[PDB]
>>> print(open('coords_26.pdb').read())   # PDB, C-alpha atoms
ATOM      1  CA  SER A1005     -46.572-150.826 106.754  1.00  0.00           C
ATOM      2  CA  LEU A1006     -47.708-153.684 104.494  1.00  0.00           C
ATOM      3  CA  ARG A1007     -49.619-154.577 107.651  1.00  0.00           C
ATOM      4  CA  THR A1008     -53.054-153.012 107.714  1.00  0.00           C
ATOM      5  CA  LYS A1009     -53.990-153.967 111.310  1.00  0.00           C
ATOM      6  CA  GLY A1010     -52.950-156.046 114.319  1.00  0.00           C
ATOM      7  CA  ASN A1011     -54.693-158.952 116.035  1.00  0.00           C
ATOM      8  CA  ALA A1012     -55.698-158.449 119.651  1.00  0.00           C
ATOM      9  CA  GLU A1013     -56.066-161.292 122.097  1.00  0.00           C
ATOM     10  CA  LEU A1014     -59.317-160.950 123.997  1.00  0.00           C
ATOM     11  CA  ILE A1015     -59.718-162.526 127.405  1.00  0.00           C
ATOM     12  CA  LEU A1016     -62.929-160.881 128.599  1.00  0.00           C
ATOM     13  CA  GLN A1017     -64.885-163.664 130.262  1.00  0.00           C
ATOM     14  CA  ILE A1018     -68.035-162.391 128.617  1.00  0.00           C
ATOM     15  CA  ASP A1019     -70.006-165.431 127.507  1.00  0.00           C
ATOM     16  CA  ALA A1020     -70.533-165.164 123.774  1.00  0.00           C
ATOM     17  CA  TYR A1021     -71.393-167.766 121.149  1.00  0.00           C
ATOM     18  CA  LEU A1022     -74.017-169.198 118.823  1.00  0.00           C
ATOM     19  CA  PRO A1023     -76.564-171.346 120.740  1.00  0.00           C
ATOM     20  CA  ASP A1024     -78.235-174.359 119.124  1.00  0.00           C
ATOM     21  CA  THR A1025     -81.510-172.691 120.121  1.00  0.00           C
ATOM     22  CA  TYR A1026     -80.779-169.850 117.640  1.00  0.00           C
ATOM     23  CA  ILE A1027     -78.837-171.713 114.919  1.00  0.00           C
ATOM     24  CA  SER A1028     -79.182-175.474 114.664  1.00  0.00           C
ATOM     25  CA  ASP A1029     -77.514-176.313 111.354  1.00  0.00           C
ATOM     26  CA  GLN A1030     -73.795-176.991 111.639  1.00  0.00           C
ATOM     27  CA  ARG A1031     -72.517-175.409 108.428  1.00  0.00           C
ATOM     28  CA  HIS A1032     -74.483-172.260 109.207  1.00  0.00           C
ATOM     29  CA  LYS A1033     -72.852-171.806 112.585  1.00  0.00           C
ATOM     30  CA  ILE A1034     -69.493-172.415 110.948  1.00  0.00           C
ATOM     31  CA  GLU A1035     -70.261-169.886 108.253  1.00  0.00           C
ATOM     32  CA  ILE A1036     -71.636-167.264 110.610  1.00  0.00           C
ATOM     33  CA  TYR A1037     -68.731-167.842 113.013  1.00  0.00           C
ATOM     34  CA  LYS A1038     -66.287-167.210 110.201  1.00  0.00           C
ATOM     35  CA  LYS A1039     -68.499-164.285 109.088  1.00  0.00           C
ATOM     36  CA  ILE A1040     -68.062-162.876 112.587  1.00  0.00           C
ATOM     37  CA  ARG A1041     -64.297-163.232 112.648  1.00  0.00           C
ATOM     38  CA  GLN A1042     -64.580-161.353 109.320  1.00  0.00           C
ATOM     39  CA  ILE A1043     -65.863-158.121 110.885  1.00  0.00           C
ATOM     40  CA  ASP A1044     -63.414-155.432 109.769  1.00  0.00           C
ATOM     41  CA  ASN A1045     -65.546-152.369 110.507  1.00  0.00           C
ATOM     42  CA  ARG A1046     -69.001-151.211 111.524  1.00  0.00           C
ATOM     43  CA  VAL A1047     -70.989-151.719 108.295  1.00  0.00           C
ATOM     44  CA  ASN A1048     -70.028-155.404 108.271  1.00  0.00           C
ATOM     45  CA  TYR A1049     -71.298-155.867 111.775  1.00  0.00           C
ATOM     46  CA  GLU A1050     -74.455-153.940 110.940  1.00  0.00           C
ATOM     47  CA  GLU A1051     -75.144-156.027 107.862  1.00  0.00           C
ATOM     48  CA  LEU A1052     -74.408-159.151 109.857  1.00  0.00           C
ATOM     49  CA  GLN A1053     -77.181-158.190 112.270  1.00  0.00           C
ATOM     50  CA  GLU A1054     -79.484-157.396 109.358  1.00  0.00           C
ATOM     51  CA  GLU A1055     -78.608-160.895 108.106  1.00  0.00           C
ATOM     52  CA  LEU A1056     -79.125-162.808 111.331  1.00  0.00           C
ATOM     53  CA  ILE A1057     -82.446-161.190 112.184  1.00  0.00           C
ATOM     54  CA  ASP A1058     -83.332-161.514 108.544  1.00  0.00           C
ATOM     55  CA  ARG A1059     -82.949-165.276 108.573  1.00  0.00           C
ATOM     56  CA  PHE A1060     -82.953-166.255 112.248  1.00  0.00           C
ATOM     57  CA  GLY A1061     -85.152-163.612 113.921  1.00  0.00           C
ATOM     58  CA  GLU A1062     -84.220-161.752 117.098  1.00  0.00           C
ATOM     59  CA  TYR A1063     -81.014-163.106 118.693  1.00  0.00           C
ATOM     60  CA  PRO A1064     -80.192-163.723 122.416  1.00  0.00           C
ATOM     61  CA  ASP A1065     -77.655-161.798 124.457  1.00  0.00           C
ATOM     62  CA  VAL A1066     -74.806-164.259 124.002  1.00  0.00           C
ATOM     63  CA  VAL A1067     -75.099-163.697 120.269  1.00  0.00           C
ATOM     64  CA  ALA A1068     -75.309-159.955 120.712  1.00  0.00           C
ATOM     65  CA  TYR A1069     -72.040-160.179 122.639  1.00  0.00           C
ATOM     66  CA  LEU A1070     -70.358-162.416 120.096  1.00  0.00           C
ATOM     67  CA  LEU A1071     -71.105-159.642 117.626  1.00  0.00           C
ATOM     68  CA  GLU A1072     -70.111-156.804 119.924  1.00  0.00           C
ATOM     69  CA  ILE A1073     -66.779-158.358 120.732  1.00  0.00           C
ATOM     70  CA  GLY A1074     -66.207-158.801 117.021  1.00  0.00           C
ATOM     71  CA  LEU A1075     -66.873-155.140 116.299  1.00  0.00           C
ATOM     72  CA  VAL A1076     -64.888-153.996 119.303  1.00  0.00           C
ATOM     73  CA  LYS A1077     -61.985-156.198 118.205  1.00  0.00           C
ATOM     74  CA  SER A1078     -61.817-154.650 114.748  1.00  0.00           C
ATOM     75  CA  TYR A1079     -60.965-151.397 116.489  1.00  0.00           C
ATOM     76  CA  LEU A1080     -58.445-152.712 118.990  1.00  0.00           C
ATOM     77  CA  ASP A1081     -56.833-154.393 115.983  1.00  0.00           C
ATOM     78  CA  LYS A1082     -56.442-151.185 113.955  1.00  0.00           C
ATOM     79  CA  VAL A1083     -54.781-149.432 116.898  1.00  0.00           C
ATOM     80  CA  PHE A1084     -52.523-152.440 117.361  1.00  0.00           C
ATOM     81  CA  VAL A1085     -53.687-153.705 120.737  1.00  0.00           C
ATOM     82  CA  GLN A1086     -51.907-156.911 121.521  1.00  0.00           C
ATOM     83  CA  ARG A1087     -54.010-158.101 124.447  1.00  0.00           C
ATOM     84  CA  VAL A1088     -57.063-157.284 126.524  1.00  0.00           C
ATOM     85  CA  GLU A1089     -57.387-159.432 129.615  1.00  0.00           C
ATOM     86  CA  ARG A1090     -59.838-159.211 132.435  1.00  0.00           C
ATOM     87  CA  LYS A1091     -58.512-160.622 135.688  1.00  0.00           C
ATOM     88  CA  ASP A1092     -60.194-160.010 139.045  1.00  0.00           C
ATOM     89  CA  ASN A1093     -62.276-156.920 138.206  1.00  0.00           C
ATOM     90  CA  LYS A1094     -59.260-155.492 136.454  1.00  0.00           C
ATOM     91  CA  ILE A1095     -59.258-155.262 132.682  1.00  0.00           C
ATOM     92  CA  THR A1096     -55.843-154.466 131.434  1.00  0.00           C
ATOM     93  CA  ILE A1097     -55.031-153.569 127.836  1.00  0.00           C
ATOM     94  CA  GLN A1098     -51.542-153.880 126.378  1.00  0.00           C
ATOM     95  CA  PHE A1099     -50.264-152.787 122.989  1.00  0.00           C
ATOM     96  CA  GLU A1100     -47.544-153.705 120.535  1.00  0.00           C
ATOM     97  CA  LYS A1101     -44.178-151.934 120.746  1.00  0.00           C
ATOM     98  CA  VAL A1102     -45.149-150.288 117.463  1.00  0.00           C
ATOM     99  CA  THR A1103     -47.821-148.144 119.137  1.00  0.00           C
ATOM    100  CA  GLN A1104     -44.964-146.092 120.535  1.00  0.00           C
ATOM    101  CA  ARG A1105     -44.783-144.631 117.016  1.00  0.00           C
ATOM    102  CA  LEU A1106     -48.471-143.827 116.812  1.00  0.00           C
ATOM    103  CA  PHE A1107     -49.310-142.750 120.316  1.00  0.00           C
ATOM    104  CA  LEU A1108     -48.171-140.612 123.186  1.00  0.00           C
ATOM    105  CA  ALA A1109     -49.271-140.890 126.777  1.00  0.00           C
ATOM    106  CA  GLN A1110     -52.014-138.247 126.434  1.00  0.00           C
ATOM    107  CA  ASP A1111     -53.336-139.978 123.351  1.00  0.00           C
ATOM    108  CA  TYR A1112     -54.447-142.836 125.579  1.00  0.00           C
ATOM    109  CA  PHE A1113     -55.601-140.566 128.379  1.00  0.00           C
ATOM    110  CA  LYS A1114     -57.854-138.680 125.942  1.00  0.00           C
ATOM    111  CA  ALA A1115     -59.438-141.931 124.806  1.00  0.00           C
ATOM    112  CA  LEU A1116     -60.087-143.222 128.347  1.00  0.00           C
ATOM    113  CA  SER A1117     -61.253-139.757 129.409  1.00  0.00           C
ATOM    114  CA  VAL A1118     -64.285-140.283 127.262  1.00  0.00           C
ATOM    115  CA  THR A1119     -65.548-143.725 128.333  1.00  0.00           C
ATOM    116  CA  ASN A1120     -67.537-144.407 131.456  1.00  0.00           C
ATOM    117  CA  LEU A1121     -65.008-146.881 132.802  1.00  0.00           C
ATOM    118  CA  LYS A1122     -62.485-145.468 135.226  1.00  0.00           C
ATOM    119  CA  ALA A1123     -58.951-146.099 134.067  1.00  0.00           C
ATOM    120  CA  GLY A1124     -55.289-145.460 134.647  1.00  0.00           C
ATOM    121  CA  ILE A1125     -52.043-145.921 132.802  1.00  0.00           C
ATOM    122  CA  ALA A1126     -49.259-147.986 134.283  1.00  0.00           C
ATOM    123  CA  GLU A1127     -45.693-148.844 133.213  1.00  0.00           C
ATOM    124  CA  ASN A1128     -44.998-152.567 132.936  1.00  0.00           C
ATOM    125  CA  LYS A1129     -41.594-153.561 131.628  1.00  0.00           C
ATOM    126  CA  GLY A1130     -40.971-150.147 130.099  1.00  0.00           C
ATOM    127  CA  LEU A1131     -44.234-150.201 128.133  1.00  0.00           C
ATOM    128  CA  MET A1132     -47.643-148.585 128.724  1.00  0.00           C
ATOM    129  CA  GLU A1133     -50.676-150.489 129.902  1.00  0.00           C
ATOM    130  CA  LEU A1134     -54.254-149.379 130.478  1.00  0.00           C
ATOM    131  CA  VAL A1135     -56.024-150.799 133.464  1.00  0.00           C
ATOM    132  CA  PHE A1136     -59.767-150.390 133.975  1.00  0.00           C
ATOM    133  CA  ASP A1137     -61.467-151.131 137.249  1.00  0.00           C
ATOM    134  CA  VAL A1138     -64.565-153.098 136.245  1.00  0.00           C
ATOM    135  CA  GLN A1139     -66.220-153.816 139.604  1.00  0.00           C
ATOM    136  CA  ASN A1140     -70.033-153.589 139.519  1.00  0.00           C
ATOM    137  CA  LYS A1141     -69.782-153.550 135.748  1.00  0.00           C
ATOM    138  CA  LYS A1142     -72.170-155.418 133.496  1.00  0.00           C
ATOM    139  CA  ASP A1143     -70.707-157.016 130.370  1.00  0.00           C
ATOM    140  CA  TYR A1144     -72.454-154.556 128.076  1.00  0.00           C
ATOM    141  CA  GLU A1145     -70.885-151.673 130.023  1.00  0.00           C
ATOM    142  CA  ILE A1146     -67.447-153.168 129.529  1.00  0.00           C
ATOM    143  CA  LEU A1147     -68.123-153.775 125.877  1.00  0.00           C
ATOM    144  CA  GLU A1148     -69.308-150.201 125.660  1.00  0.00           C
ATOM    145  CA  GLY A1149     -66.171-148.816 127.273  1.00  0.00           C
ATOM    146  CA  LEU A1150     -63.860-150.958 125.173  1.00  0.00           C
ATOM    147  CA  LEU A1151     -65.883-150.127 122.129  1.00  0.00           C
ATOM    148  CA  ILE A1152     -65.770-146.396 122.739  1.00  0.00           C
ATOM    149  CA  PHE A1153     -62.176-146.451 123.886  1.00  0.00           C
ATOM    150  CA  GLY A1154     -61.193-148.216 120.696  1.00  0.00           C
ATOM    151  CA  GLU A1155     -63.028-146.027 118.214  1.00  0.00           C
ATOM    152  CA  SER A1156     -61.901-143.030 120.192  1.00  0.00           C
ATOM    153  CA  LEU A1157     -58.294-144.136 119.668  1.00  0.00           C
ATOM    154  CA  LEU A1158     -58.741-144.955 115.970  1.00  0.00           C
ATOM    155  CA  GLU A1159     -59.701-141.335 115.297  1.00  0.00           C
ATOM    156  CA  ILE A1160     -56.466-140.104 116.833  1.00  0.00           C
ATOM    157  CA  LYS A1161     -54.567-142.497 114.590  1.00  0.00           C
ATOM    158  CA  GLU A1162     -56.462-141.454 111.419  1.00  0.00           C
ATOM    159  CA  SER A1163     -55.833-137.930 112.633  1.00  0.00           C
ATOM    160  CA  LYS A1164     -52.204-138.203 111.464  1.00  0.00           C
ATOM    161  CA  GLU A1165     -51.298-138.819 107.817  1.00  0.00           C
TER
END
>>> encode(input="coords_26.pdb", output="structure tokens")
Amino acid sequence: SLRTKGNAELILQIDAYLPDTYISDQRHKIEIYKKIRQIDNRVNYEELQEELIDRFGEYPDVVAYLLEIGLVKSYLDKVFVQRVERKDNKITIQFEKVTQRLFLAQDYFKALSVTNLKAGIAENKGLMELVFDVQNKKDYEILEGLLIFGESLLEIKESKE
């Protein structure tokens, strides 16, 4: 309580940023970068796209990803993910000890069960970790899985009051 959301650490090795080719002016970048770290939910995100196209035209994939990751993150944050780290075709999510209040094993399984990534749950130091095999997987597919997984899990959370 008093804490609305967590703050997940994302090590995804997707290349995402604002290229000089899209935004030249320094203070813009800065602003938009902050703006991006400001994404709390979908509508933000959506408006942020509306904004960028609005005043910078179509954006390249690295920008798309910067955005996606932002959105994605907002979710992993609300379900109190502590770290997502991709390491040798193995993305492995770990949560805060608090999640043990919010979630049960099948809560996670449900959420994975519904993404296209193939996953498993493992016990590391008494806690639960999700590990996705991400071989052959394009960034957008990983973003999609994470995305879906996250929003999938938020609904469970909301689902208790």
>>> atom_distance(input="coords_26.pdb", atom1="atom CA of residue 1091 of chain A", atom2="atom CA of residue 1115 of chain A")
21.6 Å
>>> atom_distance(input="coords_26.pdb", atom1="atom CA of residue 1121 of chain A", atom2="atom CA of residue 1141 of chain A")
8.7 Å
>>> residues_near_point(input="coords_26.pdb", point="(-50.6, -148.8, 131.9)", cutoff="8 Å", atoms="all atoms listed in the file", output="NGL selection string")
:A and (1096-1098 or 1124-1128 or 1131-1135)
>>> residues_around(input="coords_26.pdb", residues="segment 1021-1031 of chain A", least_positions_apart="2", cutoff="12 Å", atoms="only C-alpha atoms", output="ChimeraX atom specification")
/A:1017-1019,1033-1041,1056-1057,1059-1074
>>> write_last_selection(input="coords_26.pdb", atoms="C-alpha atoms", output="PDB file, in the frame of the given file")
ATOM      1  CA  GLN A1017     -64.885-163.664 130.262  1.00  0.00           C
ATOM      2  CA  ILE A1018     -68.035-162.391 128.617  1.00  0.00           C
ATOM      3  CA  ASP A1019     -70.006-165.431 127.507  1.00  0.00           C
ATOM      4  CA  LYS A1033     -72.852-171.806 112.585  1.00  0.00           C
ATOM      5  CA  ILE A1034     -69.493-172.415 110.948  1.00  0.00           C
ATOM      6  CA  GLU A1035     -70.261-169.886 108.253  1.00  0.00           C
ATOM      7  CA  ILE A1036     -71.636-167.264 110.610  1.00  0.00           C
ATOM      8  CA  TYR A1037     -68.731-167.842 113.013  1.00  0.00           C
ATOM      9  CA  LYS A1038     -66.287-167.210 110.201  1.00  0.00           C
ATOM     10  CA  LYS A1039     -68.499-164.285 109.088  1.00  0.00           C
ATOM     11  CA  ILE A1040     -68.062-162.876 112.587  1.00  0.00           C
ATOM     12  CA  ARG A1041     -64.297-163.232 112.648  1.00  0.00           C
ATOM     13  CA  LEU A1056     -79.125-162.808 111.331  1.00  0.00           C
ATOM     14  CA  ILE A1057     -82.446-161.190 112.184  1.00  0.00           C
ATOM     15  CA  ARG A1059     -82.949-165.276 108.573  1.00  0.00           C
ATOM     16  CA  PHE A1060     -82.953-166.255 112.248  1.00  0.00           C
ATOM     17  CA  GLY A1061     -85.152-163.612 113.921  1.00  0.00           C
ATOM     18  CA  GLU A1062     -84.220-161.752 117.098  1.00  0.00           C
ATOM     19  CA  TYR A1063     -81.014-163.106 118.693  1.00  0.00           C
ATOM     20  CA  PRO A1064     -80.192-163.723 122.416  1.00  0.00           C
ATOM     21  CA  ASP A1065     -77.655-161.798 124.457  1.00  0.00           C
ATOM     22  CA  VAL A1066     -74.806-164.259 124.002  1.00  0.00           C
ATOM     23  CA  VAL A1067     -75.099-163.697 120.269  1.00  0.00           C
ATOM     24  CA  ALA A1068     -75.309-159.955 120.712  1.00  0.00           C
ATOM     25  CA  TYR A1069     -72.040-160.179 122.639  1.00  0.00           C
ATOM     26  CA  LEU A1070     -70.358-162.416 120.096  1.00  0.00           C
ATOM     27  CA  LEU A1071     -71.105-159.642 117.626  1.00  0.00           C
ATOM     28  CA  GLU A1072     -70.111-156.804 119.924  1.00  0.00           C
ATOM     29  CA  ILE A1073     -66.779-158.358 120.732  1.00  0.00           C
ATOM     30  CA  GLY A1074     -66.207-158.801 117.021  1.00  0.00           C
TER      31      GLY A1074
END
>>> atom_distance(input="coords_26.pdb", atom1="atom CA of residue 1048 of chain A", atom2="atom CA of residue 1163 of chain A")
22.9 Å
>>> resolve_selection(input="coords_26.pdb", expression="the PyMOL selection byres ((chain A and resi 1118) around 9)", output="number ranges by chain")
A: 1113-1117, 1119-1121, 1149, 1152-1153, 1156
>>> residues_around(input="coords_26.pdb", residues="residue 1162 of chain A", least_positions_apart="4", cutoff="10 Å", atoms="only C-alpha atoms", output="NGL selection string")
:A and (1083 or 1106 or 1157-1158)
>>> resolve_selection(input="coords_26.pdb", expression="the PyMOL selection byres ((chain A and resi 1046) around 10)", output="list in words")
residues 1043, 1044, 1045, 1047, 1048, 1049, 1050, 1051, 1052, 1074, 1075, 1076, 1078 and 1079 of chain A
>>> residues_near_point(input="coords_26.pdb", point="(-44.0, -141.8, 111.9)", cutoff="12 Å", atoms="all atoms listed in the file", output="PyMOL selection string")
chain A and resi 1005+1102-1107+1161+1164-1165
>>> closest_residue(input="coords_26.pdb", among="A:1111, A:1086, A:1130, A:1009", to="residue 1099 of chain A", atoms="all atoms listed in the file")
A:1086
>>> closest_residue(input="coords_26.pdb", among="A:1139, A:1100, A:1032, A:1092", to="residue 1012 of chain A", atoms="all atoms listed in the file")
A:1100
>>> closest_residue(input="coords_26.pdb", among="A:1093, A:1088, A:1160, A:1013", to="residue 1142 of chain A", atoms="all atoms listed in the file")
A:1093
